[PDB]
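Here the structure is laid out as structure tokens; the discussion comes afterwards.
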Amino acid sequence: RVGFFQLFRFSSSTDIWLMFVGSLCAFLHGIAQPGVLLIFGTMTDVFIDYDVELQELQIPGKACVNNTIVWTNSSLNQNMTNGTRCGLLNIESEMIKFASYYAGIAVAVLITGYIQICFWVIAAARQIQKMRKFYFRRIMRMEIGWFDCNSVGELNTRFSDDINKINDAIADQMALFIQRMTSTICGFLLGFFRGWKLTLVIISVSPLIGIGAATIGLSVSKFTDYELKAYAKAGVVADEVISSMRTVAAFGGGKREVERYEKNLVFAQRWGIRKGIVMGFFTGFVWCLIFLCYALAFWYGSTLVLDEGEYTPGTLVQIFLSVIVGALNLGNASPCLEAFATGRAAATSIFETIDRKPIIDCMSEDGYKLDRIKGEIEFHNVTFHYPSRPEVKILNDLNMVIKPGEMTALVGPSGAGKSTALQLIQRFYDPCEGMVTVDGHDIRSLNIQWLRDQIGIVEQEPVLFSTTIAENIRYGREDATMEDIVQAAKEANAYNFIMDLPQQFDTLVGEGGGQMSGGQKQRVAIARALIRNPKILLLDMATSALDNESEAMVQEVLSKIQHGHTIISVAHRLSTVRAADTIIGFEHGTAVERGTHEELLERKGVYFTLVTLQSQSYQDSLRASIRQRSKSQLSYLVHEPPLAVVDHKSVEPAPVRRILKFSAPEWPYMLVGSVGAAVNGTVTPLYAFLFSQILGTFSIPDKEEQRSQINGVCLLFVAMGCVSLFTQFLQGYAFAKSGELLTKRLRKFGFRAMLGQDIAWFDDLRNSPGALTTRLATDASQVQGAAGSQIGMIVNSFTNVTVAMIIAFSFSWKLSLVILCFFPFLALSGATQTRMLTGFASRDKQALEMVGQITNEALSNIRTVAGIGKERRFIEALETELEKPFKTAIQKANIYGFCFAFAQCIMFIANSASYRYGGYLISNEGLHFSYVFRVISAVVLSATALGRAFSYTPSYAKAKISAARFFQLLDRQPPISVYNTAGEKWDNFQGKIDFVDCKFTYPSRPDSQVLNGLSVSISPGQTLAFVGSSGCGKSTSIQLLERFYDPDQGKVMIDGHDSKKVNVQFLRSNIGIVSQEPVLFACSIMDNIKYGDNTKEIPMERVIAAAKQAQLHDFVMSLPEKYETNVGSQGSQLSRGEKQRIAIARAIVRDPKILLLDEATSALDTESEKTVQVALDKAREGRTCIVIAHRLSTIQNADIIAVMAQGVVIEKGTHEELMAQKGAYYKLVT
């Protein structure tokens, strides 16, 4: 949507110069990497020429008998027919020259790379600082309707993240893109313009590699969606069971659910296997294509192109490496394009909200300004509806006037637009129709900044800012003096309270500061209103948010010193309007009454008389994890060139011992994958060795032998390609299978154990059903990243390194030690880069936290800022705060630039030193020149591989964290284990109950809501009813009788057996519960009814009897499919009045000895209550029932009752004798 170059719209001249210089330096640096190969070609040509000369000089004196052609004295004044063929080439001098060239290139790369990053990062930081301050300046000027439409929760995200995305888009990423694009262009150009036949030939094979890479890329996304579609077949079961855990526990259906989940994990396992197969196969295919391209390139570059005489070996090597480098760095530019797209997309909202012109805003050009106003204000035909929902009219032809120097009160229903009238007179909105005037002038065309200065409002709910009390009061008026603040506090009745504080007026009083009671906050808000001595005072239900004592105290401050200046007040309670000079009533958004107390007492005064009479979900996480893991595995496609230059850049955690011990059962797959990875690691140094071998053959004098050896090496390349294909595919498949098996096992055990935890474990907010589902789906999958792939990567890197070191030390140990000095730096470059980057990002976010704090404080209560406070102060405060992120950004620029430039330049220094020493070795010791290339390339490639090994940072730690989260679960021993052993069982269950003064407080809930002193007993067959308060007892007795919780103190006696001694499952097998909400399962009606005794089979006749007893048999028979009809989410919606009867049948079918009717008959209508009450009453025949009902005594008049509201029971007996003793039961008939 937004043009990419629009992102730089805030660039200044200094920024333009910085970006231009950075781009120039990036261009020069990018040229360096493919440009160095030109020197390498001539270096290898010199090596080969010297080797040919040296091999010739070993022949035994050809010219010592005859003149012949090319002997030693050809360098001297002798008649050798072919001319100079010796002496003139001093190898050491040439190598000195080339090492000097490499050192110079290294210095240039260092300087240019540093400047590039430094300048680009600095320019981006400056531009985004300016952008953020401008964006905030624009928000604060939006009309409040714009804030009604837009949520603060997303404005904060726009301010924090979206601008960070733009930063990433115009930050160093642009410089890296420029460098890599110029590098690849030069890499291809220096091939084409040195040899075009070979360059064209090796390019012509590129399309197949492109197809392979594109196939892998498409596969990532395709199989992400396929996996998500696959696992949901079990995700639905998991979510269903966990979201309704209490019913499953009550009916003991855990085993069936576990089996159902196990039966469904297979689809996800299968799709994981297939994704692994595909990805491994295509990676192997790409590797095979790479090696076949190598073989073709070398065979063709030899035949008819080098042995025929067109090229020199140096040109061949240079062309090949230049094309490889170009292809590699074209690939590395892809992340920059993704970053550019993300930035271009994210900038749409920011720029549109920056360019938006506000309807009404703080300004001085809005027009007229009055002086010496009477304060008189009036309305005319005002009709208005909130722009967030224009469907509903709030005001309708409002025509009312407030006289000056007096008070006016507003009364009426809350929905009569009572308060909205206030927001219009401080001009939060303009009326849709009509006009509002003050002192004879329309509010529009009157300078808003001046207008809101005359008005002073008392907020409906007090709001204070994170500063001192003195400043919070001074916000009302800037030039207010300290004694003025003291006077305002005294008038507001806050002075005495404030002076009692530990630090008095200077105490911080924000939400982050010392907390205060609501009354004191309202008092200080009133002081803030008063300090500006407003001409018009608005009281928008000040006391509505306070308790009775604070209500009275604040009302005492109000209506006491309020005279001279007009007051417009909305009454929280009607009694307070008695002193108003006038009273205006609001109904259907129009003024009606218009008469003072005596005049509105002309008739009933419905409101006043009435008040006096009455009062006197996992999908996001799973998708992200799947995509991130797929991308992580994609790193193995990396392939550098030999020689040349490297590819610069492509709750506590559990011990790995536990993870591997848990993953033991699938060892053979891991072993096979390890073998595959070992061979794959061996591959790289072997191809470096083959390259060095190729270079050597060009010094062979016998042309036919040279041809034979080159053909042999090409065949070895082909064989290595095939081996790499097969081994890569095998590794991928084996490790994918290991990971999937581990994930399935872990999910099975995790879900199986999750059903064994005590109910209280589910109540914890840390164990929300959404959180549990996310843990089961995502975390169970991430654990494989620490067992399967990690072992393979470790083995791969280890084998690579060991083979490379073996080759290097076998062929030359003196040169290896020289090149080995740079090995640590090459290995640690990438790891240090990544970890420094993430640390800097974390520090930058920590710095942004303060801007987040200030901006959230400003926006969360924009109404207070705009109406009474000052808008400009917050803009300037945020501008001042924005310095810290810029300060951190500058040092990030410096440090990151240095660390990047040094990492780039280290390789060139290594080449310089290594070849400088190799020259000496060739000159003196007599190494074959091929060994120098062999050693250097092998060591460098092993160093790069080892460095890439340490890049496991993003995934390994979180995999261990997930493993720890699962392990803490698996070994947990809940206080009440459904899987516990047998205990205190008996066959003769009688259903006798007895509560012994139980004490209970909920965990994860506040220690209030307590059950205290409950002591009641029920004989078999008698029904007990609980009624009274809506808390502090009643319901919790249901959950204690069932083993959901155990009493904190006291005991519950079931048939004379202590509850804590009875086996949980055996006890729960005899109880039947009904809940106010009849939760059901998506199976058929018959399945739900059969759910009652899932542990055993039952005939259909029992279901018929249960449905008949539940007033359901006839109803279900009327459904299209009868008993087999599907239920719940199937779409066959059934009203609660029917699902309740289904639940009643489910409870009855098991023939429980005890019934728990937890507030049934709470349906939506009286008809449902009538339908279900008969079924409930029939259910209790000959059973011990603990019935709880919200309805009056009509329900519970059947049997004994308890009525208390404090847990303990004092009043107990039949309703008739409860009536006789004049108990609290009378309230049920009063």
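Counting begins at 1 with the first residue displayed.
Recorded method for this deposit: electron microscopy, 3.2 Å.
Placed from the backbone N, Cα and C atoms, the Cβ positions cover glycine too.
Under the heading topological domain 'Extracellular', Swiss-Prot lists 41-104, 194-197, 298-310, 692-709, 916-926, citing sequence analysis as support. Residues annotated as N-linked glycosylation site in Swiss-Prot, with experimental evidence given as evidence: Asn66, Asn73, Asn79, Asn82. Sequence annotations record features per position, and here Swiss-Prot assigns topological domain 'Cytoplasmic' to 126-172, 731-784, 827-894 based on sequence analysis. If you look up Swiss-Prot, you'll see 377-613 marked as domain 'ABC transporter 1'. Per Swiss-Prot, the feature ATP 1 binding site maps to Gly412, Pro413, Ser414, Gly415, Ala416, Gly417, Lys418, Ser419; the stated evidence is sequence analysis. What Swiss-Prot lists as phosphothreonine is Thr543. The phosphoserine annotation in Swiss-Prot covers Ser544, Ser621, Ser632, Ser635, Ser1129. Annotation source Swiss-Prot lists domain 'ABC transmembrane type-1 2' at 670-958. Marked as ATP 2 binding site by Swiss-Prot on the basis of sequence analysis: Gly1028, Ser1029, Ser1030, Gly1031, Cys1032, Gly1033, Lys1034, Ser1035.
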Sparsest-packed of the listed recorded positions (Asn66, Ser419, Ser544, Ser635, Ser1029) - C-beta count within 10 angstroms: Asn66
Of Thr543, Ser621, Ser1030, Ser1129 (the recorded positions), the residue whose Cβ has the fewest other Cβ atoms within 10 Å: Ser1030
Env. residues of ATP 1 site, Cβ within 8 Å of mean position of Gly412, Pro413, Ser414, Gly415, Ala416, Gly417, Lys418, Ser419 Cβ: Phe586, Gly589
DSSP-derived helix, strand and coil totals, residue by residue, for the topological domain 'Extracellular' (298-310): 5 helix, 0 strand, 8 coil
Local Cβ density at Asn73 (N-linked glycosylation site) - other Cβ atoms counted within 10 Å: 13
Folded-back contacts onto the topological domain 'Extracellular' (194-197), same chain, C-beta under 8 angstroms, at least six residues removed: 300, 305, 310-311, 315-316, 318-319, 322
Environment of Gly1028, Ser1029, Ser1030, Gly1031, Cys1032, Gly1033, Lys1034, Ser1035, the listed ATP 2 site - residues of the same chain whose CB lies within 8 A of the CB centroid: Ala1205
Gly415 (ATP 1 binding site) to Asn79 (N-linked glycosylation site) - Cα separation in whole Å: 119
Tally of DSSP helical, extended and coil residues in the topological domain 'Cytoplasmic' (126-172): 40 helix, 0 strand, 7 coil
Spatial neighbour of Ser419 (ATP 1 binding site) that is closest, considering only the recorded positions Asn82, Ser632, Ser635, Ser1030 and their CA atoms: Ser1030
Residues near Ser1035 (ATP 2 binding site) in space but at least six apart in sequence (CB under 8 A): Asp1158, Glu1159, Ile1188
Of the binding-site residues listed as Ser414, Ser1029, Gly1033, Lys1034, the one whose CA lies nearest the CA of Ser544 (phosphoserine): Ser414
Candidates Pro413, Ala416, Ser632 (recorded positions) - the one closest to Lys1034 (ATP 2 binding site) by CA: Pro413
Rounded Cα separation (Å) that holds between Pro413 (ATP 1 binding site) and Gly1028 (ATP 2 binding site): 31
